[PDB]
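Since the structure comes first, as structure tokens, the remarks are kept for the end.
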Amino acid sequence: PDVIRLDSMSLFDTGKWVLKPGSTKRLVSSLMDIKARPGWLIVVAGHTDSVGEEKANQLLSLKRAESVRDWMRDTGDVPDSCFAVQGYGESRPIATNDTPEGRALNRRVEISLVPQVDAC
Ligand SMILES: [Cl-]
């Protein structure tokens, strides 16, 4: 009974929490992974690049997790109680913040499926 980590999804432009154009294939991919594990808690964690202010990035990271939760629930018909949203702000980069490509990779959402918590 291991937690399942889905692939990271870098779906956001600077200071934005809306799902940028061309995000549908990566979203559908996570959705399918969610549909294969009915009832697992869907932990949706948002992240930011290190540009801007730490407190501002915390709120932004959480709004990004909420945008993905909202898509999965409204477009993916996943019950609302399945989700738990989390924000890491700029604290856990996956790429350098020294380049635009690196910062774009850090603007992202990570999904973990947790079986020990009942959620749906
Ligand atoms: Cl926005």
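We number each residue from 1, following the sequence as shown.
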Pairs flagged by ring-ring contact (aromatic ring centres under 6.0 Å, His included) wherever [range] is involved - sequence neighbours left out:
range	result
residues 101-120	none
residues 4-35	none
residues 49-80	none

Return the set of residues passing side chain to side chain contact (heavy atoms under 4.5 Å, CB included) with [X] (not counting sequence neighbours), or none when no residue passes.
X	value
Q58	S61
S30	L6, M9, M72, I111
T24	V28

| Any sub-3.5 Å donor-acceptor pair from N106's side-chain atoms to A95's backbone N or O? |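 It does hold such a pair.
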- Would you list the pairs meeting side-chain hydrogen bond (donor to acceptor under 3.5 Å, both in side chains) in which at least one residue belongs to residues 32-44, sequence neighbours left out?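 Every candidate side-chain hydrogen bond (donor to acceptor under 3.5 Å, both in side chains) pair involving residues 32-44 fails, so no pair, neighbours aside, qualifies.
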ask   = Can you list every side-chain hydrogen bond (donor to acceptor under 3.5 Å, both in side chains) pair that touches residues 110-120, not counting sequence neighbours?
value =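 Residue pairs with at least one partner in residues 110-120: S8-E110, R108-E110.
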Once salt bridge (charged side-chain N to carboxylate O under 4.0 Å, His left out) is applied, do any residues pair with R64, and if so which ones, sequence neighbours excluded?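 For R64 there are no salt bridge (charged side-chain N to carboxylate O under 4.0 Å, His left out) partners, ignoring immediate neighbours.
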Report task. Could you pull out the closest heavy-atom pair between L19 and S23, with the gap in Å? Result ->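 Looks like C-OG, 4.1 Å.
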Can you give each donor-acceptor pair under 3.5 Å made by side-chain atoms of residues 75-86, sequence neighbours left out, with the distance rounded to 0.1 Å?
| from | atom 1 | to | atom 2 | distance (Å) |
| --- | --- | --- | --- | --- |
| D80 | OD2 | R73 | NH1 | 3.0 |
| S81 | OG | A119 | O | 2.7 |
| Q86 | NE2 | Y88 | OH | 3.0 |

According to the salt bridge (charged side-chain N to carboxylate O under 4.0 Å, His left out) rule, which pairs have a member within residues 45-58, sequence neighbours left out?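 Only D49-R107 qualify under salt bridge (charged side-chain N to carboxylate O under 4.0 Å, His left out).
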Side-chain heavy atoms of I42 within contact of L113, under 4.5 Å: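 Yes; the side chains approach each other to less than 4.5 Å.
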Summary of disulfide bond (SG atoms under 2.5 Å apart) pairs that have at least one residue in residues 45-81, sequence neighbours excluded: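 Applying disulfide bond (SG atoms under 2.5 Å apart) to every pair that reaches into residues 45-81, excluding sequence neighbours, yields nothing.
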